[PDB]
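Inspection log for the structure reproduced underneath, given as structure tokens.
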Amino acid sequence: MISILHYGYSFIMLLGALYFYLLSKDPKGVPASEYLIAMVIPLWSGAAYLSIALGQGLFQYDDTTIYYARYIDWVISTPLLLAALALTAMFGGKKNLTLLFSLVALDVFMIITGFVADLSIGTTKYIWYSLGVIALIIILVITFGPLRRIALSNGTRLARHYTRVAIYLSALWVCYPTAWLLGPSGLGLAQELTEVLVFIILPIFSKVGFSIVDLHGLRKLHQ
Amino acid sequence: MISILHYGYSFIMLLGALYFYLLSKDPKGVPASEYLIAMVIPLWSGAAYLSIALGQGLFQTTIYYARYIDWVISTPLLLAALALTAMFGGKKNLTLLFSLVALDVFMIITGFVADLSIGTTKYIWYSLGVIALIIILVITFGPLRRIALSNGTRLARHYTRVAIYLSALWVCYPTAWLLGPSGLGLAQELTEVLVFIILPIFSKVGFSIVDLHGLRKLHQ
Amino acid sequence: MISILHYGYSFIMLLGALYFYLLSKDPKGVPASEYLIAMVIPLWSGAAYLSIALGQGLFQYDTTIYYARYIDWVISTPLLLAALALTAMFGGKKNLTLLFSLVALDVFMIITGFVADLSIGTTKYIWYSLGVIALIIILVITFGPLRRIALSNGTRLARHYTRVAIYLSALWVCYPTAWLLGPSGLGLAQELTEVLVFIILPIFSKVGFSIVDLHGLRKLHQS
Ligand SMILES: CCCCCCCC/C=C\CCCCCCCC(=O)O
């Protein structure tokens, strides 16, 4: 079942990528850069999840299955999602690449701490987990603080859209570390199959859902 | 022999890099960025192939993983060089350029995974790599060539020449891979080794000689 | 002792990062990018050295390889060179080609170091030598074309660039010297001796350099 679920996921990623490509052909004032980002996210995730479906992107460690392909996915997909969110805030105004790369750095660090934590045992695991959570809190502070102020500097209509997609992504963000801690990688309260379904369903909303909402909102700003 | 061949290769890469540096001192209207790219490609490949010559860049079928370490950097830089050639004298399209870099990096990764795989799984990864290559070719002779044409007859003529040069070499690599030990195993290991010594000399050094000379000639 | 030393180091990095953040709040004409770089260096190094303190960022090869050092340097050292390059270009046109030239040389340098540490006999010193050649080219650029960029940006800027260039160059030569003398090389210096050198040097490079660098640029501020 775990294999079939990942095959299905990869197919939905492919469909998502194709949809964003078709949208890119009639861009409606959205720069090609934002369509490229929207396409890379699902395609990369799709490839990583295909490796799990083929039984390659996981191994046995500490007597538990480590789905290391998820970290290979996130280390690329999650910084790109933040870039998408940051460019949305900056839409119709001057770019702040310093702030954007601040978010990219925090996010990449976050995913790494996750991988190291999953390879770790006892107190050491939760030291790395904790550092990852601290990174996430700082990302959230930026998202609803200085990055939202950039959105507001670009007018009521843009700011309204940014706030919507900021809440969408932020809601999904907090789910991942919550599921991680509850699941076999952490306290082990949640069954392996339960975790697998969570990390199949969440990513469909993040890797495809977010960009549908994001791109449509920006396209609607077009006359 | 395999060791000696790789030593020789690395020395040719060094000579190539030195030639591009000398050219960079009298640039003839070519931006320093295009000389830097031309220098990094051979130097990086040289270092990777030196690891094979020293018997480090392989594990034992025998997997020459040092080739993937090479290509994951050298091949995206070659595509960047080709993209900047198309855009020479006009506005840059960094979105298209990074589109090609992304496709190429994915391509080389699929190759590495395929080499570590067995049976149907190997050819699923290989196939994904081929699909990436087809999309790169479509871009090269489609939208990227249109950018070249927008930059005048002389530039377009040069771009088309280097596009065909690189495209010819591109298709050779996955063909040799499939035929060789990593794939169907029809071609002998020594034959594959020579192919992945000779091809790269034309790609890592040859391409930039043709590319840079063609662009320098546009100064006159 | 080696574990405790690394814990202490990581704490000093954290303090350094916080200091640069506070400086960033009252920037005094220094762009946010240079504060971001100053913060990432110590935080990344701190995290890498924490992995050694927890006994994760090293393994046996008979002899002990502190591979977390290379994970640190491959990110921290190119960022230091970027900081130095942006200092030269302060108040003037940027040369990102030269900047990325230095990044490329530096990344190659650190890789040769790692490969050398994994190597034995003649092979080790071939890799080391290639790393030293990279360093020589970095020094030539630093006191050659990059210094000429500094000079083009006025007396006061050039004077500051020269001072931080000499500061960093002095530290640069120390690393490959300590490497060669220590267990990774000739093995003249004891393991504990090397560990202390690669704890003290980095405090001057990862925190010291940015203190001198940022203060010098902030002093140039009018009002
Ligand atoms: C965890 C390691 C990841 C580190 C990668 C990012 C490091 C940050 C480095 C440089 C910041 C780049 C800022 C670009 C400035 C452009 C000007 C602007 O628009 O603000």
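Peptide C:172-179: average number of partner chain Cβ atoms within 10 Å per residue?
0
Averaged over peptide C:106-118, how many Cβ atoms belonging to another chain are found within 10 Å of each residue's Cβ?
1
Per DSSP H run of at least 4 residues, take -39500 (n - 2.57); add these up for chain C, divide by its residues and hand me the 222 nm value, nearest 500 deg cm²/dmol.
-26000 deg cm²/dmol, from helical runs alone.
Please arrange C:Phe204, A:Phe144, A:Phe109 by how many other C-beta atoms lie within 10 Å of their C-beta, fewest to most.
On the way: C:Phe204 16, A:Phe144 13, A:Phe109 19.
Going from least to most buried by this count: A:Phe144, C:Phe204, A:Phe109.
Would you mind ranking C:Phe20, B:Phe141, C:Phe100 so that the residue whose beta carbon has the fewest other beta carbons within 10 Å leads the list?
On the way: C:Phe20 22, B:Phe141 14, C:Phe100 18.
With the fewest neighbours first, C:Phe20, B:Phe141, C:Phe100 line up as B:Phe141, C:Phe100, C:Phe20.
Report the semi-axes of the equivalent ellipsoid for the protein assembly as shown in whole Å, largest first, where each axis is √(5λ) for an eigenvalue λ of the Cα gyration tensor.
On the way: eigenvalues 226, 225, 187 Å².
One finds semi-axes of 34, 34, 31 Å for the protein assembly as shown.
Which ³J(HN,Hα) values in Hz, rounded to whole numbers, follow from the phi angles of segment C:90-100 under the Karplus curve 6.51 cos²θ - 1.76 cosθ + 1.60, where θ = phi - 60° and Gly and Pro get x?
Rounded to whole hertz, the list is 4, x, x, 5, 7, 10, 5, 4, 4, 4, 6.
Every number here is computed from the coordinates shown, using simple stated rules; none is lab data. For neighbour counting, all protein chains shown are included, and Cβ atoms are generated from backbone atoms with ideal geometry for every residue, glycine included.
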